[PDB]
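S.K.: Structure supplied as upload-v9.cif; contents: mmCIF, C-alpha atoms.
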```
data_input
#
loop_
_atom_site.label_atom_id
_atom_site.label_comp_id
_atom_site.auth_asym_id
_atom_site.auth_seq_id
_atom_site.Cartn_x
_atom_site.Cartn_y
_atom_site.Cartn_z
CA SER A 11 -322.23 132.20 -24.07
CA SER A 12 -319.69 134.29 -26.03
CA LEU A 13 -317.07 135.31 -23.49
CA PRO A 14 -315.06 138.41 -24.41
CA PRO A 15 -311.47 137.42 -25.28
CA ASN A 16 -310.14 138.98 -22.04
CA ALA A 17 -311.84 136.25 -20.00
CA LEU A 18 -309.33 133.48 -19.28
CA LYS A 19 -306.28 135.76 -19.30
CA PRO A 20 -304.63 136.32 -15.88
CA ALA A 21 -305.50 139.26 -13.69
CA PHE A 22 -302.96 139.85 -10.91
CA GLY A 23 -299.32 139.24 -11.91
CA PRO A 24 -296.46 137.50 -10.08
CA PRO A 25 -297.63 135.97 -6.77
CA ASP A 26 -294.29 135.62 -4.95
CA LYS A 27 -293.63 139.06 -3.49
CA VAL A 28 -291.15 138.86 -0.63
CA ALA A 29 -293.14 141.55 1.25
CA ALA A 30 -296.25 139.44 1.81
CA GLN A 31 -294.30 136.27 2.60
CA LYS A 32 -292.30 138.13 5.24
CA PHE A 33 -295.70 139.42 6.42
CA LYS A 34 -296.87 135.80 6.75
CA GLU A 35 -293.71 134.92 8.67
CA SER A 36 -294.17 137.94 10.96
CA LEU A 37 -297.55 136.38 11.76
CA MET A 38 -295.49 133.91 13.83
CA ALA A 39 -293.46 136.66 15.53
CA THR A 40 -296.60 138.39 16.80
CA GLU A 41 -297.85 135.10 18.27
CA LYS A 42 -294.51 134.38 19.96
CA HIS A 43 -294.35 137.88 21.43
CA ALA A 44 -297.95 137.55 22.62
CA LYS A 45 -297.09 134.25 24.32
CA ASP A 46 -294.27 136.08 26.10
CA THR A 47 -296.14 139.26 27.05
CA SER A 48 -299.22 137.46 28.36
CA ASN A 49 -297.14 135.34 30.74
CA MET A 50 -295.39 138.54 31.83
CA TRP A 51 -298.67 140.34 32.51
CA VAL A 52 -300.28 137.42 34.37
CA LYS A 53 -297.21 137.38 36.63
CA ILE A 54 -297.74 141.15 37.10
CA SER A 55 -301.38 140.44 38.01
CA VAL A 56 -300.91 137.60 40.51
CA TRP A 57 -297.92 139.27 42.18
CA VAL A 58 -298.89 142.97 42.23
CA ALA A 59 -302.69 143.31 42.01
CA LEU A 60 -303.98 140.64 44.43
CA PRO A 61 -301.96 141.63 47.58
CA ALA A 62 -302.99 145.26 47.04
CA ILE A 63 -306.63 144.15 46.81
CA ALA A 64 -306.20 142.07 49.99
CA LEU A 65 -304.67 144.94 52.00
CA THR A 66 -307.29 147.39 50.74
CA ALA A 67 -309.98 144.83 51.60
CA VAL A 68 -308.88 144.50 55.22
CA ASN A 69 -308.65 148.32 55.50
CA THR A 70 -312.13 148.77 54.05
CA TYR A 71 -313.55 146.00 56.25
CA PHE A 72 -312.26 147.75 59.38
CA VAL A 73 -313.65 151.13 58.44
CA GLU A 74 -316.88 149.64 57.04
CA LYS A 75 -317.44 148.03 60.44
CA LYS B 107 -289.52 173.54 56.32
CA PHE B 108 -289.85 173.17 52.53
CA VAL B 109 -293.03 171.15 53.16
CA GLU B 110 -295.05 174.40 53.33
CA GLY B 111 -294.36 175.60 49.79
CA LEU B 112 -294.24 172.33 47.93
CA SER B 113 -297.16 170.85 49.76
CA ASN B 114 -299.33 173.89 49.06
CA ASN B 115 -299.07 172.69 45.45
CA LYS B 116 -299.93 169.04 45.92
CA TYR B 117 -302.33 168.70 42.98
CA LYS B 118 -299.90 170.44 40.61
CA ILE B 119 -297.01 168.08 41.38
CA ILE B 120 -299.29 165.02 41.21
CA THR B 121 -300.67 166.03 37.80
CA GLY B 122 -297.29 166.98 36.33
CA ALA B 123 -295.83 163.72 37.62
CA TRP B 124 -298.73 161.85 35.99
CA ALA B 125 -298.04 163.46 32.61
CA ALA B 126 -294.28 162.88 32.92
CA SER B 127 -294.95 159.31 34.08
CA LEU B 128 -297.05 158.52 31.01
CA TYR B 129 -294.39 160.09 28.79
CA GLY B 130 -291.52 158.19 30.42
CA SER B 131 -293.47 154.96 30.26
CA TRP B 132 -294.52 155.47 26.63
CA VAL B 133 -290.99 156.21 25.40
CA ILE B 134 -289.85 153.04 27.17
CA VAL B 135 -292.57 150.76 25.83
CA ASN B 136 -292.56 152.11 22.26
CA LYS B 137 -288.90 151.10 21.78
CA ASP B 138 -290.20 147.49 21.50
CA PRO B 139 -290.93 147.39 17.74
CA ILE B 140 -293.41 144.51 17.57
CA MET B 141 -296.75 145.62 19.09
CA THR B 142 -299.80 147.61 18.06
CA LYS B 143 -300.03 151.31 18.95
CA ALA B 144 -303.08 150.63 21.13
CA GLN B 145 -301.43 147.99 23.34
CA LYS B 146 -298.42 150.27 23.90
CA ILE B 147 -300.71 153.17 24.84
CA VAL B 148 -302.80 151.17 27.30
CA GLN B 149 -299.72 149.58 28.95
CA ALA B 150 -298.09 153.00 29.35
CA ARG B 151 -301.34 154.38 30.78
CA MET B 152 -301.55 151.53 33.31
CA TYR B 153 -297.95 151.97 34.51
CA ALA B 154 -298.48 155.74 34.77
CA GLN B 155 -301.68 155.56 36.81
CA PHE B 156 -300.16 152.93 39.10
CA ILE B 157 -297.16 155.07 40.01
CA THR B 158 -299.44 158.14 40.31
CA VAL B 159 -301.91 156.59 42.77
CA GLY B 160 -298.90 155.16 44.59
CA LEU B 161 -297.58 158.70 45.02
CA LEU B 162 -301.05 159.88 46.14
CA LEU B 163 -300.57 158.10 49.49
CA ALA B 164 -296.98 159.32 49.88
CA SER B 165 -298.47 162.81 49.75
CA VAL B 166 -300.91 161.73 52.52
CA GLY B 167 -298.01 160.79 54.79
CA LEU B 168 -296.43 164.09 53.77
CA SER B 169 -299.76 165.83 54.49
CA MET B 170 -299.77 164.84 58.15
CA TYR B 171 -296.01 165.47 58.14
CA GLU B 172 -297.15 169.04 57.45
CA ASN B 173 -300.12 168.91 59.86
CA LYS B 174 -298.02 168.46 62.99
CA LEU B 175 -296.12 171.63 62.01
CA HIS B 176 -299.32 173.68 61.49
CA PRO B 177 -302.16 172.49 63.73
CA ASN B 178 -305.87 172.86 62.88
CA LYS B 179 -305.69 174.80 59.63
CA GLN B 180 -308.47 176.44 57.50
CA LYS B 181 -309.67 178.11 60.74
CA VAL B 182 -306.67 180.13 61.98
CA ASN B 183 -305.83 181.55 58.56
CA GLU B 184 -309.40 182.88 58.63
CA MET B 185 -308.65 184.79 61.83
CA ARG B 186 -305.42 186.20 60.39
CA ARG B 187 -307.58 187.49 57.53
CA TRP B 188 -309.98 188.74 60.21
CA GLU B 189 -307.21 190.65 62.03
CA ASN B 190 -306.26 192.24 58.71
CA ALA B 191 -309.99 192.99 58.24
CA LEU B 192 -310.34 194.67 61.65
CA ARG B 193 -307.16 196.75 61.33
CA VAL B 194 -308.38 198.08 57.98
CA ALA B 195 -311.60 199.26 59.66
CA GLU B 196 -309.99 200.91 62.69
CA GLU B 197 -307.21 202.57 60.65
CA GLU B 198 -309.88 203.98 58.34
CA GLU B 199 -312.46 205.33 60.78
CA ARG B 200 -309.88 206.90 63.11
CA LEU B 201 -308.78 209.09 60.20
CA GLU B 202 -312.46 209.55 59.30
CA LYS B 203 -312.92 211.08 62.76
CA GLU B 204 -309.68 213.15 62.74
CA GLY B 205 -309.49 214.01 59.03
#
```
Write out the structure in this file as structure tokens.

M.R.:
Amino acid sequence: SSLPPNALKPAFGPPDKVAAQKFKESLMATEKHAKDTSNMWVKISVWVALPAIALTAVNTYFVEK
Amino acid sequence: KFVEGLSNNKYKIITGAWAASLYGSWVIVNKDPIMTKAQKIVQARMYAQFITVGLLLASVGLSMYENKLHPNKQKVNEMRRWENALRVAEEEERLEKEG
């Protein structure tokens, strides 16, 4: 239905910028660092937090009695 | 014997140590150039508040380390103020009578 002649011409240019491909490959570096720093923080939790909660629980049970 | 002067300011040292603790945790965690700003800020805040509430009980042990050296306070400073309040009345009305 009578397209203007600027219809099927391209619109965005050269799609191989090194910036966005290194962005896509840094999308693996964030996942690797997350898989390190979640293991680190769950070790922090099960070593540091739970004995403190247990000691504070026996203290608060004694004084709650 | 230094416990008097730098346990009178407990809640100045605790608050300044909290601010310095968040600063010295933030400058450590921000050197890792991979994370979001928000995750760095919340991890620094967690480390800071942990060391701060850990120091809050050290000041309790220090507080009874002061309390053996000055027994039953808040009630015998009041009577020192009362002695200075009775001397200021007697010194004044004796010169009111003979002046």

S.K.: So what does the PyMOL selection byres ((chain A) within 12 of (chain B)) actually pick up in this one, as a PyMOL selection string?

M.R.: chain A and resi 36-44+47-48+51+54+58-59+62

S.K.: If you keep C-alpha atoms, can you produce a file of those selected residues as a PDB file, in the coordinates of the input?

M.R.:
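What landed in out_6.pdb:
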```pdb
ATOM      1  CA  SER A  36    -294.170 137.940  10.960  1.00  0.00           C
ATOM      2  CA  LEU A  37    -297.550 136.380  11.760  1.00  0.00           C
ATOM      3  CA  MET A  38    -295.490 133.910  13.830  1.00  0.00           C
ATOM      4  CA  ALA A  39    -293.460 136.660  15.530  1.00  0.00           C
ATOM      5  CA  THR A  40    -296.600 138.390  16.800  1.00  0.00           C
ATOM      6  CA  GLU A  41    -297.850 135.100  18.270  1.00  0.00           C
ATOM      7  CA  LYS A  42    -294.510 134.380  19.960  1.00  0.00           C
ATOM      8  CA  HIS A  43    -294.350 137.880  21.430  1.00  0.00           C
ATOM      9  CA  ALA A  44    -297.950 137.550  22.620  1.00  0.00           C
ATOM     10  CA  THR A  47    -296.140 139.260  27.050  1.00  0.00           C
ATOM     11  CA  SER A  48    -299.220 137.460  28.360  1.00  0.00           C
ATOM     12  CA  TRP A  51    -298.670 140.340  32.510  1.00  0.00           C
ATOM     13  CA  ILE A  54    -297.740 141.150  37.100  1.00  0.00           C
ATOM     14  CA  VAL A  58    -298.890 142.970  42.230  1.00  0.00           C
ATOM     15  CA  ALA A  59    -302.690 143.310  42.010  1.00  0.00           C
ATOM     16  CA  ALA A  62    -302.990 145.260  47.040  1.00  0.00           C
TER      17      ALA A  62
END
```

S.K.: Taking into account all atoms listed in the file, which residue in the set B:154, B:201, B:135, B:195 is nearest to residue 122 (chain B)?

M.R.: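 Residue with the minimum atom-to-atom distance to residue 122 (chain B): B:154.
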
S.K.: Rounded to one decimal, what separation in Å do you get between CA of residue 66 (chain A) and CA of residue 153 (chain B)?

M.R.: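 CA of residue 153 (chain B) lies 19.3 Å from CA of residue 66 (chain A).
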
S.K.: Report, in Å to a single decimal, how far apart CA of residue 110 (chain B) and CA of residue 165 (chain B) are.

M.R.: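 Atom-to-atom, CA of residue 165 (chain B) and CA of residue 110 (chain B) are spaced 12.6 Å apart.
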
S.K.: What is the CA of residue 164 (chain B) to CA of residue 114 (chain B) distance in Å?

M.R.: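 Here the two named atoms are 14.8 Å from each other.
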